[PDB]
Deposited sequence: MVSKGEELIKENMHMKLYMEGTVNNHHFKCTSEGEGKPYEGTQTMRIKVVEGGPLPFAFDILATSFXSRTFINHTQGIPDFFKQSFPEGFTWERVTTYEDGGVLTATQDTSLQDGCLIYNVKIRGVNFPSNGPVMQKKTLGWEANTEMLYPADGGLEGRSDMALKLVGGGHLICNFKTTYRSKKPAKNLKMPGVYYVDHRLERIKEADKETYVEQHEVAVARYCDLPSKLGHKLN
């Protein structure tokens, strides 16, 4: 098929967080059907970045989720045209990060294009203070909405000193393949484990790995 057991990817990212512009590029490889993937990320403009690289990690790949049981894989269905996604992350201490993304497929390579706009990050919060230690695992919940696919997500950011800063994100996944040509799934969930493998030089270069596994709810029903 167009999606192979081993796929490579390229990323152009750019945007602004609390009036600080920046551009990043990434390179990576994953096993889309195993749901694993690596991203090696250079910051190429705006460095040194005043905020924690932790707020951009969900912005660097839906093609790498292992849809177990028989869950219709929205993301792999829409190639050869590809998909898009739009996200609003809201931190409980005010920070708000809107990311816009385009996923494309040209010459067997997945090209990601990303537009970030972060606002209201507090000067004295652990994000702008760079007091964060990556993310906890989380269950994302997905569902169809108006020919689209909605993702709902609570994530937990480790803090220096201990404890957590929670955020919430709303994601709309939109196919570029027309409705009639893909089989939408119902309600289901994706268990995620986003992780930092490496950073060099004040988060100037960052390596990221993900496990995404889709499933139904295992629990017994009385209905």
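Participant: Let me make sure I understand the coverage. Which parts of the deposited sequence, in order from the N-terminal end, have no C-alpha coordinates here?
Facilitator: Missing C-alpha atoms (numbering from 1) occur across the ranges 1-6, 67, 231-235.
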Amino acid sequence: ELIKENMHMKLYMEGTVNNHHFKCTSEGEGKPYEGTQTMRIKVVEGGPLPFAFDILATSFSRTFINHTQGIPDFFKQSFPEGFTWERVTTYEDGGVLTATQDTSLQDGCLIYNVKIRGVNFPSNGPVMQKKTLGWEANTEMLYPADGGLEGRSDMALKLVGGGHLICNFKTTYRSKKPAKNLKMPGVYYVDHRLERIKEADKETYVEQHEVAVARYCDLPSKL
From here on, numbers count along this sequence of modelled residues.
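Participant: As stated in the PDB record, which stretch has the larger average Cα B-factor, 199-207 or 13-21?
Facilitator: Comparing 199-207 with 13-21, the higher average CA B-factor belongs to 13-21.
Participant: Between 34-42 and 159-167, which has the higher average C-alpha B-factor in the PDB entry?
Facilitator: Result of the comparison: 34-42.
Participant: Compare the CA B factors listed in the entry for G134, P122, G108, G151 and report the winner.
Facilitator: It is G108.
Participant: What third of its chain's C-alpha B-factors does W85 belong to: lowest, middle or highest?
Facilitator: Its C-alpha B-factor, which the entry lists for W85, ranks in the lowest third among residues of this chain.
Participant: Within this chain, which third does the Cα B-factor at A52 fall in: lowest, middle or highest?
Facilitator: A52: CA B-factor falls in the middle third of its chain.
Participant: Taking the values exactly as deposited, rank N138 by C-alpha B-factor within its chain and report the matching third: lowest, middle or highest.
Facilitator: Tercile = lowest for this residue's CA B-factor.
Participant: Split the chain's modelled residues into thirds by Cα B-factor; is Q77 in the lowest, middle or highest one?
Facilitator: It falls in the top third of the chain.
Participant: Where does the C-alpha B-factor of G147 rank in its chain, lowest, middle or highest third?
Facilitator: Highest third.
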